[PDB]
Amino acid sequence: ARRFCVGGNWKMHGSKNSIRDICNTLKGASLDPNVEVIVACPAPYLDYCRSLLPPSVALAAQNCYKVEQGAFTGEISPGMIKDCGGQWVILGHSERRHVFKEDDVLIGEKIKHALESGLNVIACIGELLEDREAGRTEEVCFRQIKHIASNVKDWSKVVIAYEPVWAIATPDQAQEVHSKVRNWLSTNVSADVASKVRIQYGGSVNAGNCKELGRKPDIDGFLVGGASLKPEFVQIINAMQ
């Protein structure tokens, strides 16, 4: 009874002409109504995308800071994001964690502030290649979700995204991790919450494997990357039709 959720993380890609044509494709396509769709564009285009996006696609930012105002050059707040039409924010993404050194406590605080600000959150987790080779997939993923759960009061506003960053994985391997994460939630938070929380597959998703990955009982959607910039994103959204 979990609503399939598909997010598109454009990452550091996009211009006014390229974003516009992606939006036209979205609002001009037959999208499965049952699906909750989200796209995350670069901060400079937030207000712009919101004007071109159909009401069936919610707008997300790719990151934000843990406070509303401050001497933090280069940082944006949940307040600015909402001010520009955004409703979601991606927090804890593997690139922020590994390339930009964002630690669990910081991510924890960002999630807490984002939520009290009225923003929904896609909280990301994932282990590195070395973590997996050392049977540390669970130790890493549990510790990361722990810091997230600790900052979530209303789970109806967050979606978890699992990133097999170690894969730079099979539908079977992804289902296993999603399964364990849900189990962690069920025993450490509540059965109620574990049943309703969407866990998106943040691995490599394309038109060729979306239907199989989506059928997995514990996979409730995707956090798409490169393909979210292509027409192929429409097929990925319609994975469960």
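Numbering starts at 1 and follows the sequence shown.
In this entry, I168 and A169 are separated by 4 to 9 residues of the deposited sequence that lack coordinates.
When the C-alpha B-factors of 128-136 and 145-153 are averaged, 128-136 comes out higher. Higher mean CA temperature factor between 33-41 and 186-194: 186-194, per the PDB entry. Take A227, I219, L223, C23 and read off each C-alpha B-factor from the entry; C23 has the highest.
Between the residues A207, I199, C64, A60, it is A207 that shows the highest Cα B-factor in the PDB record. For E95, the recorded CA temperature factor ranks within the middle third of the chain's modelled residues. For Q69, the recorded CA temperature factor ranks within the highest third of the chain's modelled residues. In this PDB entry, the Cα temperature factor of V181 sits in the bottom third of its chain's modelled residues, the lowest group.
For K110, the recorded CA temperature factor ranks within the lowest third of the chain's modelled residues. Among all modelled residues in its chain, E163 ranks in the middle third by Cα B-factor.
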